[PDB]
Amino acid sequence: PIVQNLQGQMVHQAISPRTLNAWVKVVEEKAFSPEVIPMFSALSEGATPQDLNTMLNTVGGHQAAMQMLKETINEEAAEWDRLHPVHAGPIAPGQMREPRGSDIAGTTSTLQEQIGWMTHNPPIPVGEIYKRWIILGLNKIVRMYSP
Amino acid sequence: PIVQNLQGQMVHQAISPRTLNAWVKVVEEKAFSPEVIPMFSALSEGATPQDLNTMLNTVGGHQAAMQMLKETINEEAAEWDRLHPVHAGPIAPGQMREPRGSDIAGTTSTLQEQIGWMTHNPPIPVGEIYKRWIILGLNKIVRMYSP
Amino acid sequence: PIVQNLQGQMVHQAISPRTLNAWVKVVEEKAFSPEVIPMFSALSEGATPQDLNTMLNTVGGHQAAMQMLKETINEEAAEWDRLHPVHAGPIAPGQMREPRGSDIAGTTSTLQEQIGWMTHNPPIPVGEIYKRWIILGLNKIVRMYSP
Amino acid sequence: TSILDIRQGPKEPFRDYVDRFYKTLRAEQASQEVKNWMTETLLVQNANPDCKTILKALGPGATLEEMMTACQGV
Amino acid sequence: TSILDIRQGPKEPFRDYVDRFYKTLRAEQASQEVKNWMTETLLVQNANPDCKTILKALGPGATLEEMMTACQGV
Amino acid sequence: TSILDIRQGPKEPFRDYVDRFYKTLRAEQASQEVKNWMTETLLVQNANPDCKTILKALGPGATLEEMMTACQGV
């Protein structure tokens, strides 16, 4: 995640193993139950896309759901690209590039790039955009997996 | 691992016992399952070759796989030496030596040497080179150990 | 152990209880298994002789092995004294004394003395000399305790 | 076990089968385009006659929630 | 137990035997060259007749994934 | 399971039923006004005859502690 250091700057720090394991354990115990979404939200505080793929990729089991989510993440990403067209002409030397759906999904962007966008002024909340897609896709799952 | 200190420099700090034990426990529980690879990747963040041999050497069980991996690590190392020949003439007093496959595998290099290469400017990512060999060798294992 | 402080000096800090307990638990669970040796090696990082006797003295059980090790430690120590004779004439006021087998085993030396030798310039690696004796004696045990 | 060996039982819910499929698909490392081909093809092909019949009625263009709710009573 | 005492059962999968071999090989401390000699030699020699037969057909130059997939049905 | 499928047993305490209701209501995502409509309507409707009778006597305007204490002996 990207956290504030004592000095008063935003720097990246790694997520903790008993945080990781707590994510694992939630999924083990409460599967598709709604409490998973606030839980997720708390444990995703200050998290990167990269950390969010890590969390999704580290799941075991419920592979039908994991595939449905993936496909929701790509749909929501396809929709990001649709709604926000690429911008006019070449990229400025003085500036950094606008993200695509795949940069938001973490796929085409690097960590330093993910830190550029979030730490820069104005900052862009690529975590929160992926977060809604995750929560939206979580609703899809919850609604389906209701019996 | 080699971590950034508060002062703003990169210094070595030892890996934690409940990190060690978490590595052990993953292997105990999920054996050759694919979730082992992102898991590995997270727990190998900022890690040295030396720490990576420590993690491999501390395995118990699955010795056929452990041998297959070793032999993959040496093959990938042999390939490093092949692709990157040694450089022209004697080593400069002002400079430090280029690594071989065995320095990447941690074998012929010392810790201070591993810290020289990574902390120096430009830095060389000998962790990430070993990491790909580990991940590649992990694919070999996963593919074989599929039933 | 003797660790580097934030200020940039080497100072002694005590070993942690859940480190101690992790040493205990390893021995409980894996007895004479080979994984004990890398495990030992990691948990002995930056350790003193004094801390190494603490670890050996805190064992319960496997007393035949513990005696075989002791006797190996004394043999290896007797051998240190043999190979390295005492030096010519009286000890200089400006200098500190050379170690014997029993100083390496921690027995005849004090902590401040163990810190003098290791922190001083050149430093002498009395941990690493005891460490080989421990590892050598660990091989003896492992080879015997194979069935 | 190979991906071709993944098949739906005569009494096995589709759901339990689809889980098995994306687990084994999870251990395939092929290009995405090939894995898309496997998805639309092999899944239905090794599906049981009763559900297979059902899935033929969904036509093409169908998505996983609709397939999964379509073969629920079977 | 000594490395010479490691042998494959008449019904034991090779796989379970190869695991036993590199565990015991893991408690041998000999030079690498000697341990290479042990690998190519002793492993096949104490392998069971049915797999032994199989391994003779792989010829020399063979690697562990190919040996391990070669004696799988045995 | 759908919200319409939530019903009170003939021997089931209302209390255990009301818990089931706001759990399933907790998995409905509808506008608040619709969820208010569901509250006053469906809860009583799928309540058992003995308690249903009781709840009819509370009249309208009733709140959950009073409903919950009203059907306690039933």
# chains A, B, ... in the order shown; residues from 1 in each chain; ligands from 1
call {"tool": "closest_atom_pairs", "arguments": {"of": "chain C", "to": "chain E", "cutoff": "12 Å", "atoms": "only C-alpha atoms", "output": "tab-separated table"}}
result
residue	atom	partner	partner_atom	distance
C:32	CA	E:27	CA	11.1
C:33	CA	E:27	CA	9.0
C:34	CA	E:27	CA	7.0
C:35	CA	E:26	CA	10.0
C:37	CA	E:27	CA	11.6
C:136	CA	E:29	CA	11.2
C:138	CA	E:27	CA	11.5
C:139	CA	E:29	CA	8.5
C:140	CA	E:29	CA	10.9
C:141	CA	E:27	CA	11.2
C:142	CA	E:27	CA	7.6
C:143	CA	E:27	CA	7.4
C:144	CA	E:1	CA	9.7
C:145	CA	E:1	CA	9.0
C:146	CA	E:1	CA	5.6
C:147	CA	E:1	CA	4.1
call {"tool": "closest_atom_pairs", "arguments": {"of": "chain A", "to": "chain B", "cutoff": "9 Å", "atoms": "only C-alpha atoms", "output": "CSV"}}
result
residue,atom,partner,partner_atom,distance
A:5,CA,B:6,CA,8.8
A:6,CA,B:6,CA,8.5
A:7,CA,B:6,CA,8.7
A:14,CA,B:45,CA,7.9
A:15,CA,B:42,CA,8.4
A:17,CA,B:19,CA,6.9
A:18,CA,B:22,CA,8.8
A:21,CA,B:22,CA,8.9
A:54,CA,B:38,CA,6.5
A:55,CA,B:38,CA,8.9
A:57,CA,B:38,CA,6.9
A:58,CA,B:35,CA,5.1
A:59,CA,B:35,CA,7.0
A:60,CA,B:35,CA,6.9
call {"tool": "calpha_fit_and_write", "arguments": {"fixed": "chain C", "moving": "chain B", "output": "compact mmCIF listing (two decimals) with N, CA and C atoms, in the first residue's frame"}}
result
# COMPACT_ATOMS: atom_id res chain seq x y z
N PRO B 1 22.05 -10.69 20.92
CA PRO B 1 22.90 -10.53 19.65
C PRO B 1 23.49 -9.12 19.56
N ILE B 2 24.35 -8.93 18.59
CA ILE B 2 24.98 -7.62 18.35
C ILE B 2 24.51 -7.16 16.98
N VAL B 3 23.79 -6.07 16.99
CA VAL B 3 23.00 -5.59 15.93
C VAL B 3 23.41 -4.17 15.62
N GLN B 4 23.13 -3.68 14.45
CA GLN B 4 23.42 -2.27 14.18
C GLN B 4 22.34 -1.28 14.58
N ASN B 5 22.60 -0.27 15.37
CA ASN B 5 21.58 0.69 15.78
C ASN B 5 21.32 1.74 14.69
N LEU B 6 20.22 2.44 14.75
CA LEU B 6 19.92 3.51 13.92
C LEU B 6 21.02 4.59 13.70
N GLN B 7 21.74 5.00 14.77
CA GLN B 7 22.87 5.94 14.86
C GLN B 7 24.00 5.45 13.95
N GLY B 8 24.14 4.12 13.69
CA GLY B 8 25.15 3.58 12.74
C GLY B 8 26.31 2.91 13.42
N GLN B 9 26.05 2.45 14.66
CA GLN B 9 27.01 1.67 15.42
C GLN B 9 26.54 0.28 15.76
N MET B 10 27.42 -0.66 15.98
CA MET B 10 27.06 -1.96 16.45
C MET B 10 26.86 -2.09 17.92
N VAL B 11 25.62 -2.29 18.48
CA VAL B 11 25.34 -2.42 19.90
C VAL B 11 24.70 -3.69 20.23
N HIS B 12 24.75 -4.23 21.50
CA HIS B 12 24.16 -5.48 21.82
C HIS B 12 22.66 -5.17 22.10
N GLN B 13 21.78 -6.11 21.68
CA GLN B 13 20.34 -6.13 22.05
C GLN B 13 20.06 -7.60 22.34
N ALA B 14 19.16 -7.82 23.33
CA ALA B 14 18.73 -9.08 23.73
C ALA B 14 17.89 -9.87 22.70
N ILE B 15 17.92 -11.22 22.72
CA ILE B 15 17.11 -11.96 21.80
C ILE B 15 15.65 -12.06 22.22
N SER B 16 14.70 -12.15 21.26
CA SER B 16 13.31 -12.04 21.65
C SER B 16 12.63 -13.33 22.25
N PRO B 17 11.69 -13.31 23.22
CA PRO B 17 11.01 -14.53 23.67
C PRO B 17 10.37 -15.36 22.52
N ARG B 18 9.64 -14.74 21.49
CA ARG B 18 9.05 -15.60 20.51
C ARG B 18 10.11 -16.09 19.58
N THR B 19 11.34 -15.41 19.45
CA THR B 19 12.51 -16.08 18.87
C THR B 19 12.92 -17.23 19.68
N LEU B 20 13.15 -17.11 21.02
CA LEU B 20 13.49 -18.22 21.91
C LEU B 20 12.56 -19.39 21.76
N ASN B 21 11.26 -19.16 21.89
CA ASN B 21 10.23 -20.13 21.75
C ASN B 21 10.24 -20.74 20.39
N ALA B 22 10.46 -20.02 19.25
CA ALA B 22 10.60 -20.58 17.96
C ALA B 22 11.78 -21.57 17.95
N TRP B 23 12.92 -21.24 18.60
CA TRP B 23 13.99 -22.22 18.71
C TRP B 23 13.56 -23.44 19.42
N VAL B 24 12.77 -23.28 20.52
CA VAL B 24 12.31 -24.42 21.27
C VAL B 24 11.42 -25.32 20.43
N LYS B 25 10.45 -24.73 19.71
CA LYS B 25 9.44 -25.38 18.97
C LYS B 25 10.00 -26.17 17.85
N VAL B 26 11.05 -25.65 17.11
CA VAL B 26 11.77 -26.33 16.04
C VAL B 26 12.28 -27.65 16.57
N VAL B 27 12.94 -27.63 17.75
CA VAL B 27 13.57 -28.77 18.33
C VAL B 27 12.54 -29.76 18.77
N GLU B 28 11.43 -29.26 19.31
CA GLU B 28 10.33 -30.11 19.67
C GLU B 28 9.79 -30.89 18.52
N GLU B 29 9.53 -30.14 17.44
CA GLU B 29 8.89 -30.73 16.25
C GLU B 29 9.81 -31.54 15.32
N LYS B 30 11.03 -31.09 15.01
CA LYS B 30 11.74 -31.70 13.91
C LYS B 30 12.97 -32.42 14.45
N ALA B 31 13.17 -32.45 15.84
CA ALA B 31 14.22 -33.21 16.54
C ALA B 31 15.64 -33.10 15.89
N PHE B 32 16.20 -34.21 15.28
CA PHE B 32 17.40 -34.26 14.57
C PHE B 32 17.24 -34.07 13.04
N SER B 33 16.03 -33.68 12.45
CA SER B 33 15.92 -33.54 11.00
C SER B 33 16.77 -32.46 10.37
N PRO B 34 17.36 -32.59 9.12
CA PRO B 34 18.34 -31.65 8.54
C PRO B 34 17.97 -30.23 8.43
N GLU B 35 16.66 -29.95 8.41
CA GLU B 35 16.09 -28.62 8.30
C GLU B 35 16.34 -27.82 9.49
N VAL B 36 16.66 -28.49 10.59
CA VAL B 36 17.12 -27.87 11.77
C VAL B 36 18.40 -27.02 11.50
N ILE B 37 19.33 -27.38 10.66
CA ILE B 37 20.60 -26.65 10.45
C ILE B 37 20.42 -25.31 9.72
N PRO B 38 19.73 -25.06 8.59
CA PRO B 38 19.47 -23.80 8.01
C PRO B 38 18.63 -22.95 9.03
N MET B 39 17.73 -23.67 9.70
CA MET B 39 16.84 -22.99 10.63
C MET B 39 17.60 -22.29 11.74
N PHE B 40 18.51 -23.11 12.37
CA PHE B 40 19.51 -22.69 13.33
C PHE B 40 20.30 -21.51 12.87
N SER B 41 20.80 -21.65 11.65
CA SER B 41 21.68 -20.67 10.97
C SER B 41 20.98 -19.30 10.83
N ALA B 42 19.73 -19.24 10.37
CA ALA B 42 18.94 -18.06 10.31
C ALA B 42 18.73 -17.46 11.67
N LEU B 43 18.37 -18.25 12.66
CA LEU B 43 18.01 -17.76 14.03
C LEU B 43 19.31 -17.43 14.74
N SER B 44 20.49 -17.87 14.22
CA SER B 44 21.76 -17.48 14.83
C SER B 44 22.48 -16.32 14.26
N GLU B 45 21.76 -15.60 13.37
CA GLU B 45 22.25 -14.43 12.67
C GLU B 45 22.52 -13.36 13.66
N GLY B 46 23.80 -12.93 13.78
CA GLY B 46 24.29 -11.86 14.59
C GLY B 46 24.42 -12.23 16.07
N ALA B 47 24.38 -13.56 16.31
CA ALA B 47 24.32 -14.09 17.68
C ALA B 47 25.71 -14.16 18.27
N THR B 48 25.79 -13.98 19.61
CA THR B 48 26.99 -14.23 20.47
C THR B 48 27.16 -15.68 20.94
N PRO B 49 28.40 -16.06 21.39
CA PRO B 49 28.64 -17.31 22.04
C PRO B 49 27.85 -17.55 23.18
N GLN B 50 27.64 -16.43 23.93
CA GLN B 50 26.82 -16.43 25.12
C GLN B 50 25.38 -16.83 24.74
N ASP B 51 24.81 -16.23 23.63
CA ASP B 51 23.53 -16.59 23.18
C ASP B 51 23.42 -17.98 22.65
N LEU B 52 24.43 -18.46 21.97
CA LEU B 52 24.58 -19.85 21.53
C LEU B 52 24.64 -20.82 22.76
N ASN B 53 25.38 -20.57 23.87
CA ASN B 53 25.23 -21.46 25.07
C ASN B 53 23.88 -21.44 25.63
N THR B 54 23.24 -20.26 25.66
CA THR B 54 21.82 -20.12 26.09
C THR B 54 20.85 -20.99 25.38
N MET B 55 20.89 -20.99 24.03
CA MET B 55 20.16 -21.87 23.11
C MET B 55 20.43 -23.35 23.36
N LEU B 56 21.67 -23.85 23.54
CA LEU B 56 22.08 -25.21 23.86
C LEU B 56 21.68 -25.61 25.27
N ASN B 57 21.84 -24.76 26.27
CA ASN B 57 21.47 -25.03 27.60
C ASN B 57 20.04 -25.07 27.86
N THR B 58 19.23 -24.33 27.09
CA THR B 58 17.76 -24.34 27.18
C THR B 58 17.11 -25.52 26.54
N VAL B 59 17.88 -26.43 25.83
CA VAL B 59 17.25 -27.71 25.35
C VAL B 59 16.72 -28.60 26.46
N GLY B 60 15.55 -29.25 26.22
CA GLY B 60 15.11 -30.41 27.04
C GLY B 60 14.99 -31.61 26.31
N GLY B 61 15.20 -32.77 26.96
CA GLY B 61 15.33 -33.99 26.08
C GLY B 61 16.62 -34.19 25.24
N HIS B 62 16.70 -35.33 24.52
CA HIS B 62 17.78 -35.77 23.59
C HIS B 62 19.11 -35.53 24.23
N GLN B 63 19.36 -36.06 25.46
CA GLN B 63 20.50 -35.79 26.26
C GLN B 63 21.65 -36.56 25.86
N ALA B 64 21.49 -37.68 25.13
CA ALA B 64 22.62 -38.34 24.60
C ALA B 64 23.29 -37.55 23.55
N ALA B 65 22.50 -36.91 22.66
CA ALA B 65 22.90 -36.03 21.60
C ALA B 65 23.48 -34.79 22.19
N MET B 66 22.89 -34.23 23.22
CA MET B 66 23.37 -32.98 23.82
C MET B 66 24.76 -33.16 24.44
N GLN B 67 24.96 -34.38 25.07
CA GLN B 67 26.27 -34.69 25.52
C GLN B 67 27.26 -34.87 24.36
N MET B 68 26.90 -35.62 23.28
CA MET B 68 27.77 -35.78 22.09
C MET B 68 28.16 -34.45 21.52
N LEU B 69 27.28 -33.46 21.41
CA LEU B 69 27.57 -32.17 20.97
C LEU B 69 28.57 -31.41 21.85
N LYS B 70 28.36 -31.51 23.17
CA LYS B 70 29.22 -30.84 24.12
C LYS B 70 30.68 -31.16 23.98
N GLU B 71 30.79 -32.51 23.85
CA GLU B 71 32.07 -33.22 23.73
C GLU B 71 32.72 -32.88 22.39
N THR B 72 31.99 -32.82 21.26
CA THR B 72 32.38 -32.17 19.97
C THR B 72 32.76 -30.74 20.06
N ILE B 73 31.94 -29.87 20.80
CA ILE B 73 32.34 -28.48 21.05
C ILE B 73 33.72 -28.31 21.76
N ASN B 74 33.98 -29.12 22.82
CA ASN B 74 35.26 -29.20 23.54
C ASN B 74 36.38 -29.75 22.64
N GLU B 75 36.05 -30.81 21.84
CA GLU B 75 37.09 -31.27 20.89
C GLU B 75 37.53 -30.30 19.89
N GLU B 76 36.58 -29.62 19.27
CA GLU B 76 36.79 -28.52 18.32
C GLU B 76 37.48 -27.32 18.98
N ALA B 77 37.19 -26.99 20.25
CA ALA B 77 37.78 -25.98 21.06
C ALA B 77 39.26 -26.34 21.36
N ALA B 78 39.52 -27.66 21.72
CA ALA B 78 40.88 -28.21 22.06
C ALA B 78 41.78 -28.06 20.85
N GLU B 79 41.16 -28.28 19.66
CA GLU B 79 41.73 -28.17 18.38
C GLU B 79 42.00 -26.74 18.11
N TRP B 80 41.10 -25.72 18.44
CA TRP B 80 41.43 -24.33 18.33
C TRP B 80 42.68 -23.89 19.06
N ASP B 81 42.84 -24.31 20.31
CA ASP B 81 43.98 -24.07 21.07
C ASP B 81 45.26 -24.67 20.61
N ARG B 82 45.18 -25.89 20.06
CA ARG B 82 46.29 -26.58 19.44
C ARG B 82 46.84 -25.80 18.24
N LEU B 83 46.00 -25.47 17.22
CA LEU B 83 46.27 -24.86 15.97
C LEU B 83 46.71 -23.46 16.13
N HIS B 84 46.15 -22.74 17.09
CA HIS B 84 46.53 -21.39 17.31
C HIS B 84 47.18 -21.35 18.63
N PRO B 85 48.50 -21.36 18.70
CA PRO B 85 49.26 -21.18 19.97
C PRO B 85 49.07 -19.79 20.61
N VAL B 86 49.33 -19.60 21.94
CA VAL B 86 49.31 -18.25 22.50
C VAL B 86 50.48 -17.43 21.91
N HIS B 87 50.34 -16.11 21.88
CA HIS B 87 51.30 -15.25 21.21
C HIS B 87 52.51 -14.79 22.00
N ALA B 88 53.55 -14.25 21.38
CA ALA B 88 54.76 -13.87 22.09
C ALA B 88 54.69 -12.69 23.06
N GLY B 89 55.20 -12.99 24.28
CA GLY B 89 55.35 -12.12 25.40
C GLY B 89 54.01 -11.60 26.06
N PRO B 90 54.03 -10.61 26.91
CA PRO B 90 52.91 -9.97 27.57
C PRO B 90 51.96 -9.26 26.66
N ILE B 91 50.70 -9.12 27.12
CA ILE B 91 49.64 -8.50 26.39
C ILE B 91 49.82 -6.98 26.39
N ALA B 92 49.74 -6.29 25.22
CA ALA B 92 49.97 -4.79 25.15
C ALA B 92 48.93 -3.93 25.86
N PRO B 93 49.16 -2.85 26.54
CA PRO B 93 48.10 -2.02 27.12
C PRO B 93 47.11 -1.45 26.13
N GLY B 94 47.61 -1.17 24.94
CA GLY B 94 46.91 -0.62 23.81
C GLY B 94 46.05 -1.64 23.09
N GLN B 95 46.08 -2.90 23.48
CA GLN B 95 45.42 -3.97 22.73
C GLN B 95 44.68 -4.89 23.66
N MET B 96 43.88 -5.72 23.03
CA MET B 96 43.04 -6.62 23.76
C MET B 96 43.55 -8.07 23.32
N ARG B 97 43.25 -9.00 24.20
CA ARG B 97 43.90 -10.27 24.24
C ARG B 97 43.35 -11.18 23.08
N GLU B 98 44.19 -12.08 22.60
CA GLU B 98 43.65 -13.03 21.62
C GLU B 98 42.75 -14.11 22.34
N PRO B 99 41.61 -14.57 21.68
CA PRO B 99 40.78 -15.60 22.23
C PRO B 99 41.41 -16.96 22.22
N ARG B 100 40.94 -17.79 23.12
CA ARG B 100 41.21 -19.24 23.19
C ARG B 100 39.91 -20.02 22.78
N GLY B 101 39.95 -21.40 22.81
CA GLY B 101 38.82 -22.26 22.44
C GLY B 101 37.64 -21.99 23.38
N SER B 102 37.91 -21.82 24.65
CA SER B 102 36.99 -21.55 25.70
C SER B 102 36.42 -20.13 25.63
N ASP B 103 37.13 -19.13 25.11
CA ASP B 103 36.56 -17.80 24.84
C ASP B 103 35.57 -17.88 23.68
N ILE B 104 35.92 -18.72 22.66
CA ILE B 104 35.00 -18.99 21.53
C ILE B 104 33.78 -19.70 21.88
N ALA B 105 33.94 -20.67 22.82
CA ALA B 105 32.82 -21.36 23.46
C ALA B 105 32.15 -20.46 24.46
N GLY B 106 32.66 -19.27 24.69
CA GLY B 106 31.93 -18.31 25.53
C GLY B 106 32.17 -18.40 27.01
N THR B 107 32.80 -19.48 27.40
CA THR B 107 33.04 -19.93 28.76
C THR B 107 33.92 -18.99 29.52
N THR B 108 35.07 -18.60 28.90
CA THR B 108 36.13 -17.80 29.67
C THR B 108 36.00 -16.41 29.32
N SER B 109 35.12 -16.05 28.37
CA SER B 109 34.97 -14.66 28.04
C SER B 109 33.67 -14.10 28.59
N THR B 110 33.69 -12.78 28.86
CA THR B 110 32.55 -12.02 29.25
C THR B 110 31.85 -11.40 28.04
N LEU B 111 30.62 -10.90 28.13
CA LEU B 111 29.93 -10.30 27.03
C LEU B 111 30.58 -9.10 26.41
N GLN B 112 31.13 -8.25 27.33
CA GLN B 112 31.77 -7.07 26.88
C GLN B 112 33.00 -7.52 26.13
N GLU B 113 33.77 -8.54 26.59
CA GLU B 113 34.79 -9.06 25.84
C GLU B 113 34.34 -9.59 24.50
N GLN B 114 33.21 -10.32 24.37
CA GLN B 114 32.70 -10.86 23.13
C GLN B 114 32.35 -9.74 22.21
N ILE B 115 31.74 -8.63 22.68
CA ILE B 115 31.47 -7.39 21.91
C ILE B 115 32.82 -6.73 21.52
N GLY B 116 33.89 -6.65 22.38
CA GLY B 116 35.19 -6.07 21.97
C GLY B 116 35.72 -6.66 20.74
N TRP B 117 35.79 -7.97 20.64
CA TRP B 117 36.41 -8.73 19.55
C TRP B 117 35.69 -8.59 18.17
N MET B 118 34.34 -8.71 18.24
CA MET B 118 33.44 -8.59 17.10
C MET B 118 33.31 -7.15 16.59
N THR B 119 33.28 -6.15 17.50
CA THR B 119 33.01 -4.72 17.09
C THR B 119 34.23 -4.01 16.74
N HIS B 120 35.40 -4.42 17.34
CA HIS B 120 36.66 -3.85 17.09
C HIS B 120 37.10 -3.93 15.59
N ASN B 121 38.12 -3.20 15.18
CA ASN B 121 38.66 -3.18 13.84
C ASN B 121 40.06 -3.67 13.80
N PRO B 122 40.48 -4.82 13.10
CA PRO B 122 39.69 -5.82 12.43
C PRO B 122 38.82 -6.52 13.38
N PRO B 123 37.74 -7.09 13.02
CA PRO B 123 36.85 -7.83 13.87
C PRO B 123 37.20 -9.30 13.77
N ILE B 124 36.94 -10.10 14.82
CA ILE B 124 37.25 -11.53 14.67
C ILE B 124 35.98 -12.41 14.76
N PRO B 125 35.62 -13.32 13.92
CA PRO B 125 34.32 -13.94 13.89
C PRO B 125 34.17 -15.19 14.66
N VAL B 126 34.24 -15.06 15.95
CA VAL B 126 34.19 -16.07 16.99
C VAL B 126 32.89 -16.80 17.00
N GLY B 127 31.79 -16.10 16.60
CA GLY B 127 30.39 -16.69 16.28
C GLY B 127 30.52 -17.66 15.18
N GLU B 128 31.21 -17.28 14.11
CA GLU B 128 31.24 -18.14 12.90
C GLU B 128 32.09 -19.35 13.12
N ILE B 129 33.14 -19.28 13.96
CA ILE B 129 33.97 -20.39 14.40
C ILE B 129 33.19 -21.36 15.27
N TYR B 130 32.52 -20.88 16.29
CA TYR B 130 31.58 -21.73 17.03
C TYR B 130 30.45 -22.33 16.17
N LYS B 131 29.91 -21.62 15.17
CA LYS B 131 28.87 -21.95 14.29
C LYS B 131 29.29 -23.15 13.51
N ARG B 132 30.52 -23.18 12.94
CA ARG B 132 31.01 -24.35 12.19
C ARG B 132 31.08 -25.57 13.08
N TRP B 133 31.55 -25.45 14.34
CA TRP B 133 31.63 -26.51 15.33
C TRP B 133 30.27 -27.07 15.62
N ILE B 134 29.28 -26.22 15.79
CA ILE B 134 27.87 -26.56 15.91
C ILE B 134 27.31 -27.25 14.70
N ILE B 135 27.57 -26.66 13.54
CA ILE B 135 27.16 -27.36 12.29
C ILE B 135 27.83 -28.70 12.04
N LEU B 136 29.18 -28.81 12.32
CA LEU B 136 29.96 -30.03 12.25
C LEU B 136 29.46 -31.12 13.16
N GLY B 137 29.16 -30.73 14.41
CA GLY B 137 28.60 -31.54 15.44
C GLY B 137 27.15 -31.86 15.06
N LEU B 138 26.41 -31.02 14.41
CA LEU B 138 25.12 -31.30 13.87
C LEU B 138 25.16 -32.36 12.80
N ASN B 139 26.14 -32.34 11.94
CA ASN B 139 26.37 -33.43 10.93
C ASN B 139 26.60 -34.80 11.64
N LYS B 140 27.45 -34.83 12.68
CA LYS B 140 27.71 -36.01 13.47
C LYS B 140 26.46 -36.62 14.02
N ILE B 141 25.54 -35.79 14.47
CA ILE B 141 24.34 -36.18 15.09
C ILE B 141 23.40 -36.73 14.07
N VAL B 142 23.15 -35.94 13.01
CA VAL B 142 22.29 -36.24 11.85
C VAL B 142 22.73 -37.59 11.34
N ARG B 143 24.02 -37.89 11.05
CA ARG B 143 24.54 -39.10 10.52
C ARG B 143 24.35 -40.30 11.39
N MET B 144 24.54 -40.09 12.71
CA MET B 144 24.21 -41.09 13.70
C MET B 144 22.74 -41.39 13.83
N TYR B 145 21.91 -40.34 13.82
CA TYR B 145 20.53 -40.46 14.14
C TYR B 145 19.68 -40.82 12.97
N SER B 146 20.29 -40.84 11.73
CA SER B 146 19.75 -41.59 10.63
C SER B 146 19.49 -43.09 10.95
N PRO B 147 18.37 -43.72 10.55
CA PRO B 147 18.12 -45.09 11.04
C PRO B 147 18.22 -46.10 9.94
call {"tool": "atom_distance", "arguments": {"atom1": "atom CA of residue F:9", "atom2": "atom CA of residue F:74"}}
result
11.4 Å
call {"tool": "residues_around", "arguments": {"residues": "residue E:6", "least_positions_apart": "6", "cutoff": "8 Å", "atoms": "only C-alpha atoms", "output": "JSON, numbers by chain"}}
result
{"E": [20, 21, 46]}
call {"tool": "write_last_selection", "arguments": {"atoms": "N, CA, C and O atoms", "output": "PDB file, in the first residue's frame"}}
result
ATOM      1  N   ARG E  20      11.707 -40.434  -1.612  1.00  0.00           N
ATOM      2  CA  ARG E  20      12.592 -41.084  -0.600  1.00  0.00           C
ATOM      3  C   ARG E  20      14.062 -40.985  -0.891  1.00  0.00           C
ATOM      4  O   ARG E  20      14.908 -40.682  -0.022  1.00  0.00           O
ATOM      5  N   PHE E  21      14.414 -41.103  -2.175  1.00  0.00           N
ATOM      6  CA  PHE E  21      15.789 -40.994  -2.649  1.00  0.00           C
ATOM      7  C   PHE E  21      16.384 -39.658  -2.426  1.00  0.00           C
ATOM      8  O   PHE E  21      17.441 -39.627  -1.706  1.00  0.00           O
ATOM      9  N   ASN E  46      17.852 -49.632  -8.107  1.00  0.00           N
ATOM     10  CA  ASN E  46      16.946 -50.155  -7.118  1.00  0.00           C
ATOM     11  C   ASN E  46      15.539 -49.935  -7.407  1.00  0.00           C
ATOM     12  O   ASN E  46      14.641 -50.175  -6.552  1.00  0.00           O
TER      13      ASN E  46
END
